[PDB]
Every structure is written in structure tokens, then in C-alpha cells.
Amino acid sequence: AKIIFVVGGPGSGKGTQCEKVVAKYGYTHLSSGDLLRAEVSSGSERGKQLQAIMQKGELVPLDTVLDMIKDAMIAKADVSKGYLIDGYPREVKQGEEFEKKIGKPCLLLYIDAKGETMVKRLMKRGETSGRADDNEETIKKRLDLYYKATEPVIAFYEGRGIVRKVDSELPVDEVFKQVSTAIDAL
Ligand SMILES: Nc1ncnc2c1ncn2[C@@H]1O[C@H](COP(=O)(O)OP(=O)(O)OP(=O)(O)OP(=O)(O)OP(=O)(O)OC[C@H]2O[C@@H](n3cnc4c(N)ncnc43)[C@H](O)[C@@H]2O)[C@@H](O)[C@H]1O
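The sequence shown runs contiguously to residue 682 in the working numbering.
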């Protein structure tokens, strides 16, 4: 099955673009973020641990998040001809462990947005949906964390040869025209 990594900063537009991809190509959208939040909503002690980490805007340990990705992948396994892995990997070791335990990605969609643009979007979603990590201080924390840990992931897969960059400063469906182009050329 096709495994696509979709990687980019906070509020760059990963989720948005992934759901457009689902609607058009019928890939299976797996959000590490959605998976983690669902474990939070479960009421477990683990959820309490994950909620604390996410509220501070830090990386959840590789073991937890890779576990959930693999689980979800295995569940949707008999209906998926493709997978969109949204927001994983976020550090080089995550990409390495994914490859050891699951498989190699066909493509990495690099959803590229300016830092200020990302702050603007998250600041807006913060005032509307009231996601706990969208407060101003946590945003700065998520943004710095993206620059330090997740950018080398982009380098890693550029060395692999599979990164395609899309300009996420554009209007949403102009962005998606780029995503479509990258996916069509598989
Ligand atoms: N692998 C991992 N390892 C360790 N920890 C992990 C982990 N994965 C998750 N975690 C933990 O989970 C937490 C949250 O991670 P996660 O849930 O993955 O989210 P995020 O990366 O912090 O960012 P968002 O999902 O909020 O934004 P987005 O890039 O998907 O864009 P979106 O379309 O949704 O929304 C963007 C906003 O802008 C709008 N928008 C989108 N595109 C455009 C456009 N072209 N023009 C105008 N507006 C746009 C959107 O409507 C929206 O309002 C992490 O902080 C971490 O603590």
C-alpha cells in the first residue's frame, strides 16, 4: 500500500489538504494528533499524560505515537489502498522507527508555510475552536519545536529523494492543485 508522509509546521495546512486528498483519491487519513486526542478523550491515565504534554506543546514519545499509528493502520488495513500519515514523523528517529516496524514511504508532502502565517492561523483557530494548545505561548513553543526537530526530517527524506514541496501560503485549492500534481505523478 501507498504510504504518504505529510509533514509541515503547526497550522501549515496538513489536515486541510489531507481531507481534500481523501475526498478525491480515497486514501486513508491518519492523524497522529487525532489519535492522541482520542486517547485523551478516553479518560485513561495515559490520556492525562498525553494531554499534559500536548498542552505544553512538546513531542509525545515515539513509542506511544508510533504504536497508535501502526494500530490505526492495521485497523483500516482491509479498506485502504493508500495511507496519508498526517503529522508523523516529527523527528528523524520517528521516520527511522516507522521504516523498521511498518514500511518505507512512497512520498513526503512537505506543506510549507511561513512562520508568521502559521502563528496567524493558529491564533485564529484558537479564538474559535478553543483547542488547548492554540494559546499564544504554546504556539510559540510548537513553532520552535518544529524548526528544531522536524525540519531535519525534511532533510532526511530529501536525501531519500521523495520530498515534494507545496506552497501552503496560497489559497487552499491552489495548494491542493500542487498536492494533486504530486500524487498524480506517483
Ligand atoms: N508525530 C508526533 N510526535 C510527537 N508528538 C506529536 C506527534 N504528532 C502530534 N503530536 C502532538 O499533538 C500535538 C498536535 O499535533 P497535530 O494534531 O498533528 O497538529 P499540529 O501539527 O500542531 O497543527 P494543526 O493540526 O493544528 O494544523 P494543520 O497543519 O493540520 O493545518 P490545519 O488545516 O488543520 O489548520 C490550519 C489553519 O489554518 C486554515 N488553513 C489551512 N490552509 C489554509 C490556507 N491555504 N489558507 C488560509 N487558511 C488555511 C485552516 O482552516 C486552519 O484554520 C502536537 O503538538 C504534539 O504535542
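Quick reminder that beta carbons are idealized off the backbone N, C-alpha and C, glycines included.
| Top-ranked residue by Cα proximity to residue 653, from 587, 508 and 671 | What you label residue 653 is simply residue 157 of the sequence shown in a count that begins at 1. Answer by Cα proximity: 587.
| query | Should the stretch 529 to 538 be called in touch with the stretch 655 to 675, which here means at least 3 C-beta pairs below 8 Å? | reply | no
| Nearest-angstrom Cα distance between residue 611 and residue 639? | The residue labelled residue 611 in the question sits at position 115 within the sequence shown. The residue labelled residue 639 in the question sits at position 143 within the sequence shown. Their backbone Cα atoms lie some 7 Å apart in a straight line.
| field | Residue interval of the beta strand (DSSP E) (run including residue 543) | value | As a first step, residue 543 must be located in the sequence shown, where it is residue number 47. Segment 541 to 551 is the alpha helix (DSSP H) holding residue 543; no beta strand (DSSP E) there.
| task | Please determine, among 525, 677, 643 and 622, the residue with the shortest C-alpha to C-alpha distance to residue 576. | result | Counting from 1 along the sequence shown, the entry for residue 576 is found at position 80. Checking every option, the nearest Cα to that of residue 576 belongs to 525.
| task | Following the continuous alpha helix (DSSP H) through residue 676, name the residue where it begins and the one where it ends. | result | Walking along the sequence shown from the start, residue 676 turns up at place 180. That run of the alpha helix (DSSP H) goes 668 to 680.
| Tell me, which residues are paired with residue 527 by DSSP? | What you label residue 527 is simply residue 31 of the sequence shown in a count that begins at 1. 582.
| How should residue 648 be labelled, buried or exposed, when 16 other C-beta atoms within 10 angstroms of its C-beta is the threshold for buried? | Translated into the one-based positions of the sequence shown, residue 648 becomes position 152. When all chains shown are included, residue 648 counts as exposed.
| message | Between the alpha carbons of residue 550 and residue 528, how many angstroms are there, rounded? | response | In the sequence shown, counting from the first residue as 1, residue 550 sits at position 54. In the sequence shown, counting from the first residue as 1, residue 528 sits at position 32. Taking the straight line joining both Cα atoms gives about 12 Å.
| said: In this structure, how does DSSP classify residue 492 when only helix, strand and coil are distinguished? | reply: Past the boundaries of the shown model lies residue 492; the chain is included only from 497 to 682, so the question cannot be answered.
| Roughly how many angstroms lie between the CA atoms of residue 665 and residue 607, to the nearest whole one? | Position 169 of the sequence shown holds residue 665. Position 111 of the sequence shown holds residue 607. Between residue 665 and residue 607, the C-alpha separation is close to 9 Å.
| Near ligand 1: residue 607 beta-carbon under 8 Å from a heavy atom | Within the sequence shown, residue 607 is the residue found at index 111, counting from 1. Yes, the Cβ of residue 607 comes within 8 Å of a heavy atom of ligand 1.
| residue 658: which of 645, 646 and 679 sits nearest, CA to CA? | Taking the first residue of the sequence shown as position 1, residue 658 is located at position 162. Answer by Cα proximity: 679.
| message | Can you look up residue 627 in the DSSP assignment and give me helix, strand or coil? | response | The residue given as residue 627 occupies position 131 in the sequence shown. Looking at residue 627 - three-state DSSP - the assignment turns out to be coil, as it is neither helix nor strand.
| query | Rounded to whole angstroms, how far is the Cβ of residue 505 from the Cβ of residue 642, which I believe are closer than 8 Å? | reply | Here the question's residue 505 lines up with position 9 in the sequence shown. Here the question's residue 642 lines up with position 146 in the sequence shown. Yes, residue 505 and residue 642 are in contact; Cβ-Cβ is about 4 Å, under 8 Å.
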